[PDB]
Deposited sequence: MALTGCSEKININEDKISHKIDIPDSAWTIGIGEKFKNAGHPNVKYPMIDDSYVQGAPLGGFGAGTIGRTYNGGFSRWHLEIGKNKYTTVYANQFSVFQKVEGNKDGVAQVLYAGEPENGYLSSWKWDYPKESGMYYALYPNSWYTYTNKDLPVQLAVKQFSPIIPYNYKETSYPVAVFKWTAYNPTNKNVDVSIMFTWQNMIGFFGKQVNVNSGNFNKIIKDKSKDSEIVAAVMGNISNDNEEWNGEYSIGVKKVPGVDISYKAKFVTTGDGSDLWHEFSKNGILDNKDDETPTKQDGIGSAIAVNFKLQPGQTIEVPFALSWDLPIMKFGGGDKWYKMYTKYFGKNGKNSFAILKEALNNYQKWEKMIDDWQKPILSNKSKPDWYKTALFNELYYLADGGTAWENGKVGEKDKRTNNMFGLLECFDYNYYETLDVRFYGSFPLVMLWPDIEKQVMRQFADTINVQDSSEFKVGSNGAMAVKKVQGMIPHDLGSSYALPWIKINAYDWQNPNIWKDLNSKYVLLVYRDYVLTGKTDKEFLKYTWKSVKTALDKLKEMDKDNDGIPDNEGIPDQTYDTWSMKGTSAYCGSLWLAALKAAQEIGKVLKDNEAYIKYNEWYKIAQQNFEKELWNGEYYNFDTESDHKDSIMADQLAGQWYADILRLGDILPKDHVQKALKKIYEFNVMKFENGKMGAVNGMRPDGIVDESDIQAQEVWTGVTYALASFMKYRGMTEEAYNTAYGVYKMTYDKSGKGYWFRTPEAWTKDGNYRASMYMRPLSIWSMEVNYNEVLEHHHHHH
């Protein structure tokens, strides 16, 4: 490997061999159907709200999130990089697709890129491949990325990727090299109900100011989710020549293209705008160059996708964010690609600038850096919706991130309490917009009834003064029809209204305690939320009562009476609202929430403190279980700088107990914090959720330990999550971190919002 020296891959990059076969991957542990797309995954390409494309470590473009809210895992075989090499003085060269697999169609191409001949690396938003093959004398690498940039709401939105190639000749002979990008005209891949290829056509643009690009579109001007353009292209650099082929048939053997490329690495330069009928078609862009001994060359390619309209299953059509910058008519893929090819070096430097403070901190282990950056994949990958107007129709751009794909709910608030740390820390204007969306819902009432999945009772959809569980589903009407989730009735949940208040005050504190206007916007809703939750205190101890039914985020784990979890969240939310009332000079609110806080705090301690930890609750059969998340309210109080809600000594005892038990008694501390443990050191079997590790709960718990000076415990607690997710000894969950796993390592709900809580460790 001579090429690693010519490029700059950080040591914290997650690595795997191209074509590596991972043994003992995990699978779902539920009885009902659940997504399992295998361990062949990679860092995604694409901006927020753009739709994303997962290119795997094997090289294939395979995990398609272009239909916003949907996950479609299928390798589109035509979409590849390929290489040709010929040593000067040899009769023939060699050509090879850079994909460790094979299709079917395209039989003429050279498939099956060999094992032990290159590596994949990822430190999101960058990823790299290196090609170090005994039969390719010139070594190659590519750095691929999208311009995902904190505090930037422009380039971060773009439907674009850059592929910056480096080629180096370590031999003492001249070598002719070509690199070719092929792409299928994928108009019609989704959204089009009939005639899926009909009207697709490809054009070639030559911009000599030099860029050569293919634009793959359709003759129709219909404004529908399926219509728009893909583009691939390359920028000329000194010493390379460009060739292209506008149209090859993807539903054929591929030899129309491959007989050209495999001869001398130079395409026919044949333009052909003829639309197709039933055949699939594609385009190819190639560079050819001669490398002398010891020579390096760098050449950038790009990919864009102008698919301006997203459609949701309830019928609404919206423009995607990036259309603010490029237009809405679906004929702008070249403009996007050109912007990338002319600015990518600037984008690289912007990414480096944001990653450097963390990477350069030599007190932090590399594994922690691997996880911290790579868990950010989900902000783009999570079905992200970011609108720039309804089709046919404002100041703001509404946003939503999915819980996951299995449970297709936007912005699920009980989960975003954990998962939204990156947004407040790195994209705070998005965060505050999401919270205003919630503020706007609090007094919505919908008295129509739904059947509750868990018990088949009927319940009201949305109750005035209750915060909604979620802002809809991609199968229905995001932002318009809220509370799509129906397994339980969230109108009686005991965590949502407290978590809402906590999120609001968090968002003020972590953006510098300056945004009084945000506090003013949300203040009515904060007071309403707490006032409604107080009505659920049926025994007058000052604390809302859990009802012996899963009425909080652990939506199968029953809490009854006063719980540590909901009780502590309530205490913290009261303390937050007192502080907001001080800031806004609302005396009656300050006085009232202070009174409620002092009574609730005294009763919480009396009811739950056992001398070692806080009991799970007051009335359940396993009320003395040790819950990993028992002090969630004090965790957030630390972040919000609200001081001690509970005594320091008791918090420290509780954290030490959770480490000793839920971590170190659970598979020797190598898999995270199990949710519930009995005081005899045995995992609590009262519900499945008690026997699960929740990845995002565990990362949050690690930040709480860290703030409380339990440094070793904090990083040991988090390390098990990192190991399970990314290490050779784990279960193969990279770029699909799940909600949960059990002792056996098998999972529930891959591609999950909650583990974004790792960013709470950077507060």
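Trainee: Could you give the ranges of the deposited sequence that carry no C-alpha coordinates?
Mentor: Deposited residues absent from the model fall in 1-14, 118-119, 226-228, 413-415, 786-798.
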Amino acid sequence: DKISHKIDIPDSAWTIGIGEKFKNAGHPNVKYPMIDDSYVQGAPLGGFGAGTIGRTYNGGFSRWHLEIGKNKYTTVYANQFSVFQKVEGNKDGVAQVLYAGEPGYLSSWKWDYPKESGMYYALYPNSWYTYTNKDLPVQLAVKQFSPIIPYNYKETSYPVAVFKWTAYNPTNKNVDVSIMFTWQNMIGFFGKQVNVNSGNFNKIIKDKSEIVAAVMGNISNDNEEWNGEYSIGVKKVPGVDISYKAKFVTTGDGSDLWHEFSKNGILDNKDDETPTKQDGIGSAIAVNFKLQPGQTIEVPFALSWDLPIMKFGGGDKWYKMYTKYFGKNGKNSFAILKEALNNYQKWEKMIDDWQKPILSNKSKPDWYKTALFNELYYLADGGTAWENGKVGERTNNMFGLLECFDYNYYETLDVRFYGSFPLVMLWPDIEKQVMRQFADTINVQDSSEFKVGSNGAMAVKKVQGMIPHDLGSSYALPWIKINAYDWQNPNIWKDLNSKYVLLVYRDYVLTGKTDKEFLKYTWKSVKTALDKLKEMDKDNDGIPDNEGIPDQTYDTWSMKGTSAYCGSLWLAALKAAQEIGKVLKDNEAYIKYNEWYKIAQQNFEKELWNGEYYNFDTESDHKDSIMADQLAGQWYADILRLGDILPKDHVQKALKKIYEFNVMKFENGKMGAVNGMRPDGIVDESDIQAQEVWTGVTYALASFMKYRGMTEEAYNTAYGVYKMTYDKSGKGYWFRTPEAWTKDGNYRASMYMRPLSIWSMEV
From here on, numbers count along this sequence of modelled residues.
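Trainee: Out of 399-407 and 169-177, which one has CA B-factors that are higher on average in the deposited record?
Mentor: If you average the C-alpha B-factors of 399-407 and of 169-177, the larger mean comes out for 169-177.
Trainee: Would 746-754 or 18-26 have the larger average of its C-alpha temperature factors, as given in the entry?
Mentor: Per the PDB record, 18-26.
Trainee: Among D272, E155, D268, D624, single out the one with the highest C-alpha B factor in the record, please.
Mentor: Top of the list by C-alpha B-factor: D624.
Trainee: Just the C-alpha B-factor column, please: which of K235, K331, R416, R678 has the biggest number?
Mentor: In the PDB entry, the greatest C-alpha B-factor among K235, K331, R416, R678 is found at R678.
Trainee: When the deposited Cα B-factors of this chain's modelled residues are ordered and cut into thirds, is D531 in the lowest, the middle or the highest one?
Mentor: Top third by C-alpha B-factor.
Trainee: Can you work out whether the C-alpha temperature factor of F201 puts it in the lowest, middle or highest third of the chain?
Mentor: Within its chain, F201 is a lowest-third residue by C-alpha B-factor, going by the deposited values.
Trainee: Would the CA B-factor of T412 place it in the lowest, middle or highest third of its chain?
Mentor: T412: CA B-factor falls in the lowest third of its chain.
Trainee: Just say lowest, middle or highest third for the CA B-factor of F704 relative to the other modelled residues in its chain.
Mentor: Answer is middle: the recorded C-alpha B-factor places it there.
Trainee: Using the B-factors in the PDB entry, rank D470's C-alpha atom against the chain and give the third, lowest, middle or highest.
Mentor: It falls in the bottom third of the chain.
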